[PDB]
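Q: This structure is in structure tokens; I'll ask about it shortly.
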Amino acid sequence: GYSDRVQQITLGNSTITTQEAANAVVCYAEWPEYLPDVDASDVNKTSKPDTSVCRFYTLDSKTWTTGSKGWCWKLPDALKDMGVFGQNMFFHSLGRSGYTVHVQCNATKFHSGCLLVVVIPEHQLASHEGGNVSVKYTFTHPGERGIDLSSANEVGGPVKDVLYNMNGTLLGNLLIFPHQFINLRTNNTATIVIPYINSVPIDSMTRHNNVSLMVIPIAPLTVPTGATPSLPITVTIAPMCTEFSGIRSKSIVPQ
Amino acid sequence: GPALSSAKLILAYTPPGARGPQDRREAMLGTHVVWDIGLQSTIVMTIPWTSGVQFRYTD
Amino acid sequence: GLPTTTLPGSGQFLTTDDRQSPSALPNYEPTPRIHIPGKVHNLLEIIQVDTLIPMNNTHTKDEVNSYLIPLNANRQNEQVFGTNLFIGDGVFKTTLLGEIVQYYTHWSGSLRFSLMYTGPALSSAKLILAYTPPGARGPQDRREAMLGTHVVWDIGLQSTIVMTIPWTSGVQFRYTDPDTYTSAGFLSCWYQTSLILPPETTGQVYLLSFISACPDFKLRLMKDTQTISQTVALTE
Amino acid sequence: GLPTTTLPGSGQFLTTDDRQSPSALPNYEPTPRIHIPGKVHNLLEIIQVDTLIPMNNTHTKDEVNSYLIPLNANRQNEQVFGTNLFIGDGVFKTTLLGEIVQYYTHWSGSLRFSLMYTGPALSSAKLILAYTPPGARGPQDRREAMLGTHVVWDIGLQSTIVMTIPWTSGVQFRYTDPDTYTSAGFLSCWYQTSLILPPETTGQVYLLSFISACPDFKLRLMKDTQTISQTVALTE
Amino acid sequence: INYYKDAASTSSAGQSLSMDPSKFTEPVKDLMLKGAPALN
Amino acid sequence: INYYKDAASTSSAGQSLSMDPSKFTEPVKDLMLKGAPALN
Amino acid sequence: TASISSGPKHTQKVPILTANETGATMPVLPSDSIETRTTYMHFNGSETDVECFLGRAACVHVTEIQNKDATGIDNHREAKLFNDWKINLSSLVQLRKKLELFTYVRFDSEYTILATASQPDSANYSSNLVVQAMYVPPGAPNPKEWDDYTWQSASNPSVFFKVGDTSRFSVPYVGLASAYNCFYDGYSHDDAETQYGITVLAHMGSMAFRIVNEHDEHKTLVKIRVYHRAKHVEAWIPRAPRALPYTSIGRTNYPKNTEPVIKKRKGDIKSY
């Protein structure tokens, strides 16, 4: 009586149940694991807070309306302030982590709409100015708020044009990245497990984000007659196999 | 609720030492379960024994 | 001193030749490799992942909406969409498949075309997808369409339908840049019965459509893509 | 006559290639080698010998005094010296380590920083040395400093203390010429308790400081040093 | 025959002949069998 | 393959792979053990 | 080894109905939905190997230097008496789009340098010039005049070849990390104004060119073309191909008021 459909994920002191899942994706078919010695470089023993950092943090909720263009969060940024995960983050020189991402959106059998939930490794954004204008730090570190693709261009911020993925590629091809759809008629959640993907064994958690999670409405939300025209979307994310190394004074970052 | 409705609730247990949570952000950092309302009608949350002292007073 | 003779071609530089060269950095030790998920070995590995087709090309500036094929409730007998199968041009051209095919001169193989339905769960519909092999015109009505490769799709719990355009061909390779002799057919879709919405519901519903290549597929003779060009060198 | 084809690069002179050549002096017999103590095989052998760092760089013309870090009696909580760790520049630059690092583009490894105390034997002191890994600012007070790599040094019979800056890094190589992304941290030193001089004694005492590389160390991709140049050829 | 000492100086590599699209085409956690229902 | 008769005409030598810093880093007459006191 | 024979089907086992919401592309074949006959592949997929795809020489840079009397020139660099180039693979777009199909890439480089001379104004003859190309790693003294001590290049690899000829040598993978980042969503430090995206993670050195010859009576323009061929390629994490035009080395930025990249139908959705 197991269905692909019902699932339970327990991680730390927190549990999620979905009764309307559509399997789960594990990026590149690899599950998060700690850093092996053969791959290690820094000689420091690392710190593995385990259950105090590897639990589920639910970010603040978004509201899908007929005019929504899509939202974008960066990792580990989105979690920069969650509990002890965040403290560890500002206090060590280097850290490394994988995540379980669970995006939630329920409706009824009269609604229609379909969101794309995708994880993009190394999502370098484009400046809407063109040329070689850079995208300032603050703009690519929105924190739990994430970036709202239907917000206005700002100065020093990225471009927010959806048919171009914020980088000069077409929305249609985002499907080459680990992703899952939430089609109100099928699905009510999306779950993706992200292994740590980098060109170095461990890195800085503040100067470099290693994935952007993106939720994009593709088939517009259509509510039943005289229904309220909107649904909330909630994102809950859990660091998994986290390791921190090179402890010290506590980083100070712009803004 | 009617069978054709849907809902997602979070239940949170806050262990001794902090105040009753004031918003979900605060609540979600302690013992919690996201409940997805479905065919299976009930959700069973456990308040695991979190304690220094091994017995508490009933009063 | 050993006697030699040099042949025609001596001193030429052929950008495609593969020979040994002296290393400028004798004895240098590269950084160790660490493990990174995701290694690609063949472009054939990636063109099997499906991506969305902007089938609804009828707009005037690129929009999220050209990915949506609309469906109308209560129409009978009528046609949902049509396209030829020049995978290197037209709707296909910006898709990952289209985009890679363009790095090669010839392609052969089967294509997989699937449609995912997004209408309310309490609605229902039966569509027919038809592949018309080279030699006939794009079908003009379902009767015409239904006499070639087709699948009646019944919209249900299972949200997507995967149609295969089996390789139908005299010549074993076709050109990726559109060519007549080498042309592959048409793909059309019609109401088999009709879309029906539940009460309290209204308007258009949309289908999303994807394209990817079957394991069947072959691409050969690499060349340059018409999809990118430039007028002055870029700088930092 | 055997048929050949010559490739691109024929006739070039690459200063780094290694091939055979005819000897101009056929059959000549070189002088026998005799034994000489001191043979060097790797530059890695010599960068492990420690040499003095002109830490006290604050003078205006080079002087023996910039090798001396002064210490003041009776100060509490305060800071003895500070420096970033760009081994290819600044204090490090003229040291043997600094001087060799400059022949290579990349370095990786642990550094050994030691301090030898020279104050009267009847004095005493406790200092803290702190290494701050990349990512934070140079510490501004001991509290800040003590939260990173540190050693409380107790001045005793044993005159020197050897602090190691363990390799703390994401990227496995850093640039020897100072670069941000690639930067290595800061090194600071503060009074842990304070220097105390015996009676009949007065003034400043000094620490000498050395730097050498741990056996850990790697240097790669040789290049030319900014440390030497010229405007006309020399003559006899 | 390599005429040169360093590995960078050798010619092009030889075909992976590796080929495994499943990391890209089927990264699902619970295995899907073709023919069995997608969602149970 | 050497094509030439004299030894000077051969290519560069090959890595010492000798490496022993102790003549430079520890030329002391009585052996010092790390961990034992420097001066007894 | 392409299609097996398959006949009529009337089953309860439907391989063509799937749920794309799952993120998988189910491996459906012609034989799951029509009746097929056996056929063999006759093909291996050799020429789509990434080593093959990135393994041919591409032009990566065209520069130019001239041989002329430097007498009274206050700025050789500025007179093109000599010229440097910080190596890149993202300035001419053909090879760039190919590499950016991947996120991280690792390979050895083989460079070919073609140099041809031009004599746009009245010369009695064509002189024969020798070019010197010096590889200048970050931290080395940089040439200031066309005949500085720098050109001694006692520790820095340099090649001397003749104009009209070609020079060829190969450099090992010089990246600092395990792979070169084709993309980097980071900064060099948490600065509020530091540059975004451009990184040393990509840095491949830099190269300085000059003519060794002193000047003749006429002037001679020498134009340098650098070609780059990847050998021993390793690529990870495929990405969506580049759709809009490029504007800058190292940023993803596209131009404003660009044109629709998807071709509009001449007709209906229903059109053929």
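Q: Calculated FRET efficiency, C:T193 and G:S6, Cβ-Cβ r, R0 35 Å, to nearest 0.05?
A: Values: r = 28 Å, r/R0 = 0.80.
Using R0 = 35 Å, I get an efficiency of 0.80.
Q: Report the dimensions of chain D along its three principal axes from the alpha-carbon atoms, largest first, rounded to Å.
A: Principal extents (Cα only, largest first): 93, 44, 35 Å.
Q: With springs only between Cα atoms under 10 Å apart, run a GNM on chain C and tell me which of C:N84, C:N72, C:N27 wobbles the most.
A: C:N27
Q: Determine the shielding of peptide F:23-30 by partner chains: average, over its residues, the number of Cβ atoms on other chains within 10 angstrom of each Cβ. Each step should come with its number before you reach the end.
A: Details: counts 6, 7, 7, 2, 3, 0, 0, 0.
Taking all residues of F:23-30 together, the mean is 3.
Q: Could you give the size of the charge dipole of chain A about its Cα centre, using +1 on the Cβ of each K and R and -1 on the Cβ of each D and E, expressed in debye and rounded to the nearest 20?
A: Charge dipole of chain A: 440 debye, to the nearest 20.
Q: Which listed residue (C:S159, C:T227, A:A24) has the Cα farthest towards the positive end of the charge dipole for the protein assembly as shown, taking +1 on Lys and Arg C-beta and -1 on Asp and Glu C-beta about the Cα centre?
A: Of the listed residues, the answer is C:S159.
Q: Let me ask you something else. Suppose each label sits 7 Å from its Cα in the direction of the beta carbon; what would the G:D74-B:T46 distance come out to in nanometres?
A: Inter-label distance under the simple model: 8.3 nm.
Q: Something else now. Using only Cα atoms, locate the centre of segment D:1-79 and the centre of segment D:94-149, then give the distance between them in Å, rounded to an integer.
A: Answer, in whole Å: 24.
Q: Charges on Cβ only, +1 for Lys and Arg, -1 for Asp and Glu, centred on the Cα centroid of the protein assembly as shown; of G:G186, A:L163, A:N198, which one is farthest towards the dipole's positive end?
A: Towards the positive end, the residue furthest out is A:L163.
Q: What's the percent breakdown of Cα-Cα distances in segment G:1-84 across 5 Å bins, shortest bin first?
A: 3, 9, 10, 8, 8, 9, 7, 6, 5, 4, 4, 5, 5, 6, 5, 4, 2, 1, 0
Q: Find, among the residues of chain E, the one whose Cβ sits nearest the axis of the rotation taking E to F; state the distance in whole Å.
A: Nearest-to-axis residue on chain E, with distance in whole Å, is E:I1, 9.
Q: Give a quick list of trypsin sites (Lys or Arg not before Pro) in segment C:116-218 that DSSP marks as loop, anything other than H, G, I, E or B, with at most 11 other Cβ atoms within 10 Å.
A: Those that pass, being in a loop and sparsely packed, are C:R137.
Q: With the cut-off at 1.5 for a/c, could you classify chain B from its C-alpha gyration tensor as rounded, prolate or oblate? If you can, show how the numbers build up before the last one.
A: Numbers: a/c = 3.23, a/b = 1.91, b/c = 1.69.
Prolate shape, in that a/c is at least 1.5 and a/b is the bigger ratio.
Q: Next question, about the same structure. What share of the DSSP beta bridges in chain C is antiparallel, in percent to the nearest 5?
A: Working: 43 of 45 bridges.
Rounded to the nearest five, the antiparallel share is 95 percent.
Q: Could you tell me the extents of the protein assembly as shown's C-alpha atoms along the three principal axes, largest first, rounded to whole Å?
A: 104, 104, 52
Q: Cα extents of chain F along the three principal axes, largest first, in whole Å?
A: That works out to 61, 16, 9 Å along the principal axes.
Q: Then there's this: Mind checking which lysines have their Cα closer than 18 Å to the Cα of G:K223? Skip sequence neighbours fewer than 8 apart in that chain.
A: G:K68, G:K80, G:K86, G:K162
Q: Let me ask another. Just counting partner chain Cβ atoms within 10 Å, what average do the residues of peptide C:87-96 show around their Cβ? Present the calculation step by step, with values, prior to reporting the outcome.
A: Values: counts 0, 0, 1, 4, 4, 0, 3, 10, 5, 10.
If you average over the peptide's residues, the count of other-chain Cβ atoms is 4.
Q: If you don't mind, there's one more thing I want to ask. Points 7 angstrom from Cα along the Cβ direction at A:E33 and D:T6: gap in nanometres?
A: For A:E33 paired with D:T6, the spin-label model returns 5.3 nm.
Q: If you count, for every residue in F:13-20, the Cβ atoms of partner chains within 10 Å of its Cβ, what is the mean? Before the final figure, lay out the partial values.
A: Details: counts 1, 1, 3, 5, 2, 5, 6, 4.
That works out to 3 on average.
Q: Scan chain A and hand back the longest stretch that contains none of the GluC sites (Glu not before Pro) lying in DSSP loops with at most 16 other Cβ atoms within 10 Å. Before the final figure, lay out each step's value.
A: Working: sites that count: A:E33, A:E154.
The reported range is A:34-153.
Q: Between D:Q76 and E:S11, with labels modelled 7 Å along Cα→Cβ, what's the label distance in nm to one decimal, could you check?
A: Spacing of the two 7 Å Cα→Cβ label points: 7.8 nm.
Q: Can I ask one more? For label points placed 7 Å from Cα toward Cβ, what is the shortest-first list of nm distances from E:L17 to its copies?
A: Values, ascending and in nm: 3.1.
Q: For segment A:82-134 and segment C:153-207, what is the separation of their C-alpha centers, rounded to whole Å?
A: Going from one Cα centre to the other spans 34 Å.
Q: In whole angstrom, note down how far apart the Cα centers of segment A:1-22 and segment D:214-235 are.
A: 61
Q: When G:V93, G:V212, A:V211, C:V80 are ordered from fewest to most other Cβ atoms inside 10 Å of their Cβ, what list results? Provide the component values of the computation, followed by the final result.
A: Details: G:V93 17, G:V212 13, A:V211 27, C:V80 23.
The order, fewest Cβ neighbours first, is G:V212, G:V93, C:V80, A:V211.
Q: Okay, moving on. Tell me which trypsin sites (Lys or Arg not before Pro) from chain B have a DSSP coil assignment and no more than 10 other beta carbons within 10 Å of their own. Could you put the intermediate results ahead of the total?
A: Working: sites: B:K8, B:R19, B:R24, B:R25, B:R56; in loops: B:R19, B:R56.
Counting only loop positions with at most 10 other Cβ atoms within 10 Å, the trypsin sites (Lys or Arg not before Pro) in chain B are B:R19, B:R56.
Q: Using a 10 Å Cβ count of at most 15 others and DSSP loop calls, identify the longest part of chain A lacking such chymotrypsin sites (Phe, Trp or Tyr not before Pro). Intermediate values should be presented prior to the final figure.
A: On the way: sites that count: A:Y2, A:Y34.
That would be A:35-255.
Q: Could you list the GluC sites (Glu not before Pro) in segment D:41-117 that lie in coil according to DSSP, counting only those with at most 14 other Cβ atoms within 10 Å of their Cβ? Show your work: numbers first, answer last.
A: Working: sites: D:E45, D:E63, D:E78, D:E99; in loops: D:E63, D:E78.
Passing both the DSSP loop test and the Cβ count: D:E63, D:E78.
We place every Cβ from the backbone using ideal geometry, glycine too, and count neighbours over all the protein chains shown. Laboratory data are not the source of any read-out in this text; all were calculated from the coordinates shown.
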